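>>> based on what follows, work out the 3D shape:
(2 chains, ligands or ions: 2)
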Number of protein chains: 2
Amino acid sequence: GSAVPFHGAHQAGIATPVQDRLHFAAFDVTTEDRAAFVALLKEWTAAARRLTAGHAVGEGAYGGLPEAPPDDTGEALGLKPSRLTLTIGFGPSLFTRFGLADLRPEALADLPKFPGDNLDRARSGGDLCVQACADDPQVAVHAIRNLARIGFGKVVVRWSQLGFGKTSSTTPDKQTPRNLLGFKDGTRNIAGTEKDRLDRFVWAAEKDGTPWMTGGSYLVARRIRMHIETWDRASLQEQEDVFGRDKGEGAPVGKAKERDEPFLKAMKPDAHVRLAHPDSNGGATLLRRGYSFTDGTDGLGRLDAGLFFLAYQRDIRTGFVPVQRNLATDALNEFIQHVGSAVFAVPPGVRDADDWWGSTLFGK
Amino acid sequence: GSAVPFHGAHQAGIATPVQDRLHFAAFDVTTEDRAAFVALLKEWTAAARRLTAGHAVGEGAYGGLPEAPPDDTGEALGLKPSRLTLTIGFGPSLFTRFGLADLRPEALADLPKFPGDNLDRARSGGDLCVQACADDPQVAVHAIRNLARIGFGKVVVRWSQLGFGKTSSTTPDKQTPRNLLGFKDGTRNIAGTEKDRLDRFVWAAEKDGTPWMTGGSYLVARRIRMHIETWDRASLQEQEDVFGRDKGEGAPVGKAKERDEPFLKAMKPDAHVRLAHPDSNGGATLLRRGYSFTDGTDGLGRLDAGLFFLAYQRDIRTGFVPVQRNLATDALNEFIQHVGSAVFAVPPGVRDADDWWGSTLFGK
Ligand code: HEM
Ligand code: HEM
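Residues are numbered from 1 along each chain as shown, chains lettered A, B, ... in the order given. Ligands and ions are numbered 1, 2, ... in the order given. Here you go:
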């Protein structure tokens, strides 16, 4: 139940080990007062400093004046930090307001339309996001709820997504989690300890063209429905052909061990690993950090489930976009559909107790 | 503890220790063939024996013939039994099939409509339920998903609810959970250790009038949304007045400790605890075994969260019905809304390796 340090050159929640639970909220800005929004950012940063340490926001959850609403809603009382990370991101639409147009990063690229998508606009986009990840779902919900409350009147929650379990790994020394198709997901990602790969593929640099984003990353979110009924009808061989790995061990086709490096030529030309591999994409590499979800039933007798895909990269134009383009022929496309999407510029870290979310963007 | 025995005089998941996570699914029957439904119950029981021991169903999740779909969908490979319990129940609607009408228990009473109810029929009812409780949500989800797959052609999933309580890896097992209103929830309840209280209040007895139910119990499910944002605007005194207990410690008004017995007369007349207490209900007492839920954000931007209330009782007419009726004037009603409901007759246990779910109802 240990805490994850909140301050750093980078925001936590990216290279951090992937926690068990996600609560992801996209917000829209409702205030037109730049000074009021800066004020909110600072109040949110202060709150996050408490939440990630396992403390109550403001003056606490009780012990105040009886006639006043408690500052903290209280449902995390008695709980540990639970590795909570809170990661803030700025969507392209934010840059139409507060006079931020010229500061919109070119690497914050709007996505093209991809064949087969059916994106729900209401659960796509967003002026900003907060990614709350923790090992305790009550800690994660509490953090989002209290941030939303602090922001009432200045921001609204556009859409949110809970992930009940991870489908990603930044720790190759630990067990790779399985997604709801039954396959390990996260074997060949980027590790928190891979500083050179993180610099090459995840962290933006000043010379990239957007100084305020130095030490930040760019986030692509994609809500992916899984055609479970169809998948569960597929043969074992078909399922393994789709990915290029065997199901039980998760090794590349022909190999004995999960982490043995793939020999792509041995997979089907439309195998997912073969098309997504960096070597098939001129070196493009992603830090995937997604989570499984379930959304009740489809109203038609079947569990409704999927994967909330999250990818961090130094530049969307050289990460998610080329890779997802190469997935146009992916054998996996028969079993999935992309149904929500959003991109965000995730700023650099909160340097210290005097700093605040967005300070490099908004100045001061 | 890592596992809970599947076999017994009673079904597990009622009096056994409360696990961290829930996947509750209601099923509807899609076959008229009684023998085919009995065959399913036998295959389901066989699967449950595997799942509650952390093993894959059938011949496994891999290694079979390449041209066959795997018997198990694989998403729990590498996980642990996680204290998984699988508890089956039969809804009133089941008894209109297979000639069972004259075997519906009188104690399986339909619930009256209660003041303020706003029940989504799509998330209510069901011919059957399976309550899957585990410490790891993916174990619970895997269990539901695979039972649903095994049963496909004979049953469908009507509705499905994920829930969470504490996270036991970081939260002391004796610490009362808090609900999403920030209050301790479960202080005065029946515990599975109180054998005499279970016999009095929870288990059906032969003399009660339905022999096949002897050693079973009756379950009431209620999906109860909370008006989170209005609640969080209420003063600390208003919130405590609603329950009759203070928020921080959870002690009854006028008392110092959580577990001190309440002086109901010092609570406001409409306080939840005063209205729900057995002394206010002719001694009616419930085994509450619910879970908090958070499903996301609704269309208005508000948090879709609440309590998935579950209560077990020897007779719905003498348990949940009187107590819920007594909540007509509950001050808590301002802040909650019941939005889904179902009742189930939970049969006695699977006695040994030759027994099967429902054998006392269907006959052997
Ligand atoms: C529901 C959708 C998806 C599922 C079930 C899925 C599943 C998998 C699995 C099982 C693997 C092999 C193990 C691993 O190395 O992680 C994999 C690899 C990978 N996937 Fe996906 N994936 C999905 C969507 C995506 C998308 C949208 C992208 C990017 C646009 C993507 C990019 C990658 C990459 C880059 C790899 C590693 C390839 C390598 O370098 O070997 N995946 N995925
Ligand atoms: C969102 C809805 C509900 C919330 C937030 C809630 C919350 C609470 C709280 C905070 C307590 C005091 C601590 C304790 O558990 O002893 C309590 C007690 C209790 N509640 Fe509820 N409750 C809800 C719905 C219900 C319903 C629907 C029933 C039954 C029909 C019920 C029956 C009880 C009982 C029997 C007690 C114990 C009273 C005693 O014997 O002292 N509750 N509840």
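>>> so which residue of the stretch 101-250 of chain A comes closest to ligand 2?
residue A:138 (14.0 Å; Cβ to the nearest ligand atom). Every residue, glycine included, has its C-beta placed from N, CA and C.
>>> so how far is ligand 1 from residue A:79?
Separation of residue A:79 from ligand 1 (Cβ to the nearest ligand atom, to the nearest Å) stands at 31 Å.
>>> same question but for residue A:19, I mixed them up
18 Å.
>>> got the contact list for that residue?
A:82, A:83, A:84, A:85, A:133, A:134, A:135, A:166 (Cβ atoms under 8 Å, 6 or more residues apart in numbering or on different chains).
>>> at 7 Å what do you get?
A:83, A:133, A:134, A:135 (Cβ atoms under 7 Å, 6 or more residues apart in numbering or on different chains).
>>> can you tell me which residue sits nearest the middle of chain A?
residue A:310 (4.0 Å; Cα atoms, centre = their mean).
>>> that one belongs to a helix?
No. Read with DSSP: H, G, I helix; E, B strand; the rest coil, residue A:310 is strand and lies in no helix.
>>> rewinding a little: so which of the contacts of residue A:19 belong to helices?
Judged by DSSP state H, helices contain none of the contacts of residue A:19.
>>> follow-up on the earlier one: so the residue of the stretch 101-250 of chain A closest to ligand 2 versus ligand 1, what's the distance?
27 Å.
>>> ok but that residue is inside a strand, no?
No. Residue A:138 is assigned helix when assessed by three-state DSSP, not a strand.
>>> how far out from the middle of the chain is the biggest helix by length in chain A?
If each helix of chain A is counted by residues according to DSSP H, the longest one is helix A:34-51. Offset of helix A:34-51 from its chain centre (Cα atoms, centre = their mean, to the nearest Å): 21 Å.
>>> and that helix, what does it pack onto?
Applying 3 or more Cβ pairs under 7 Å, 6 or more residues apart in numbering or on different chains; DSSP states H and E, we find helix A:34-51 packed against helix A:137-151.
>>> and the helix it packs on with helix B:137-151, angle?
Direction vectors for helix A:137-151 and helix B:137-151, defined by axes from the mean of the first three to the mean of the last three Cα atoms, to 10 degrees, enclose an angle of 110 degrees.
>>> now helix A:137-151, how far from the centre of its chain.
Centre-to-centre, helix A:137-151 and its host chain are 17 Å apart (Cα atoms, centre = their mean).
>>> buried residues, that helix. List them.
By 16 or more other Cβ atoms under 10 Å in any protein chain shown, the buried positions in helix A:137-151 come out as A:137-151.
>>> show me where the stretch 101-250 of chain A has helices.
A:137-151, A:195-201, A:228-233, A:236-243 (DSSP state H, counting those that start in this stretch).
>>> is it possible to get TSV of those that adds distance to residue B:337?
TSV is the format used below for the helices of the stretch 101-250 of chain A (distance: least, Cβ to Cβ, whole Å):
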stretch	distance to residue B:337
helix A:137-151	18
helix A:195-201	47
helix A:228-233	31
helix A:236-243	43
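>>> can you tell which of the ones you listed is closest to residue B:96?
helix A:228-233 (27.1 Å; Cβ to Cβ).
>>> would that closest one count as contacting chain B?
Yes. Counting by Cβ under 7 Å from any Cβ of the partner chain, chain B has neighbours in helix A:228-233: A:232, A:233.
>>> name the residues that touch that helix?
A:180, A:181, A:302, A:303, A:305, A:335, B:69, B:73, B:149.
>>> the residues you listed in strands, which ones?
Among the contacts of helix A:228-233, the members found in strands (DSSP state E) are A:303, A:305.
>>> give me every residue that touches residue A:326.
Applying Cβ under 7 Å, 6+ apart, the residues near residue A:326 are A:275, A:280, A:281.
>>> host element of it?
Element membership for residue A:326, per DSSP states H and E: helix A:320-326.
>>> and the residue lying closest to residue A:348 once chain neighbours are set aside, how many neighbours does it have?
The shortest distance from residue A:348 to any non-neighbouring residue, by Cβ to Cβ, 6 or more residues apart in numbering or on different chains, is to residue A:215 (3.3 Å). Residue A:215 has 19 neighbours, counted by other Cβ atoms under 10 Å in any protein chain shown.
>>> could you measure from residue A:215 over to chain B?
From residue A:215 across to chain B, the span is 30 Å (Cβ to the nearest Cβ, to the nearest Å).
>>> where does stretch A:236-247 sit relative to the chain's centre, distance-wise?
Taking mean C-alpha positions (Cα atoms, centre = their mean), stretch A:236-247 and its chain are 26 Å apart.
>>> and that stretch with ligand 1, contact?
Yes. Counting by Cβ under 6 Å from any ligand atom, ligand 1 has neighbours in stretch A:236-247: A:243, A:245.
>>> which residues in chain A form strands?
Secondary structure of chain A by DSSP E: the strands cover A:21-29, A:85-90, A:128-134, A:155-163, A:165-166, A:217-226, A:287-288, A:291-297, A:303-313, A:336-346.
>>> before we move on, back to that, wait, doesn't the residue of the stretch 101-250 of chain A closest to ligand 2 sit right on residue A:75?
Yes. Residue A:138 lies in contact with residue A:75 (Cβ atoms under 7 Å); the separation is 6.0 Å.
>>> excluding its backbone neighbours, what's nearest residue A:182?
For residue A:182, ignoring the flanking residues on the chain, the nearest one in space by Cβ to Cβ, 6+ apart is residue B:74 at 2.7 Å.
>>> contacting residues for the one you found?
Neighbouring residues of residue B:74 by Cβ under 7 Å, 6+ apart: A:178, A:182, A:247, B:61, B:62.
>>> surely residue A:116 meets residue A:335?
No. With contacts counted by Cβ under 7 Å, residue A:116 stays clear of residue A:335, the gap being 11.3 Å.
>>> more neighbours: which of the two?
It is residue A:335, of residue A:116 and residue A:335, that has more neighbours when counted by other Cβ under 10 Å, with 22 against 13.
>>> so that one sits against residue A:227, correct?
Yes. Using Cβ under 7 Å, residue A:335 is in contact with residue A:227, at 4.9 Å.
>>> what about residue A:23, neighbour count?
If we define neighbours as other Cβ under 10 Å, then residue A:23 has 27 of them.
>>> ok, now the one 3 residues further on?
Burial of residue A:26 is recorded as 25 neighbouring residues (other Cβ under 10 Å).
>>> the residue in chain A that ligand 2 sits nearest to: what's it in contact with?
Here chain A gets closest to ligand 2 at one residue, residue A:75, 10.8 Å apart by Cβ to the nearest ligand atom. Applying Cβ under 7 Å, 6+ apart to residue A:75 gives the contacts A:138, A:142, B:178, B:180, B:182.
>>> mind putting those in CSV, distance to residue A:319 included?
Listed next are the contacts of residue A:75 as CSV, based on distance: Cβ to Cβ, whole Å:
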residue, distance to residue A:319
A:138, 33
A:142, 32
B:178, 41
B:180, 37
B:182, 41
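>>> ok, so of the residues you listed, who is nearest ligand 1?
Once Cβ to the nearest ligand atom is applied, the member of those that ends up nearest ligand 1 is residue A:138, at 26.8 Å.
>>> measure the closest one to residue A:265 for me?
Look at residue A:138 and residue A:265: by Cβ to Cβ, to the nearest Å, they are 48 Å apart.
>>> what does residue A:102 give?
Distance from residue A:102 to residue A:265, counting by Cβ to Cβ: 47 Å.
>>> for residue A:101, same thing?
Applying Cβ to Cβ to residue A:101 and residue A:265 gives a distance of 47 Å.
>>> over to residue A:313?
Distance of residue A:313 to residue A:265, given as Cβ to Cβ: 26 Å.
>>> the two: who's more crowded?
For residue A:313 versus residue A:265, neighbours defined as other Cβ under 10 Å are more numerous around residue A:313 (26 against 7).
>>> what sits closest to the more buried one if chain neighbours are left out?
residue A:319 (2.9 Å).
>>> which residues are in contact with stretch A:339-349?
With Cβ under 7 Å, 6+ apart as the test, stretch A:339-349 has contacts from A:7-11, A:26, A:87-92, A:105, A:108, A:111, A:118-120, A:123-126, A:129, A:213-223, A:225, A:316, A:358, A:360-361.
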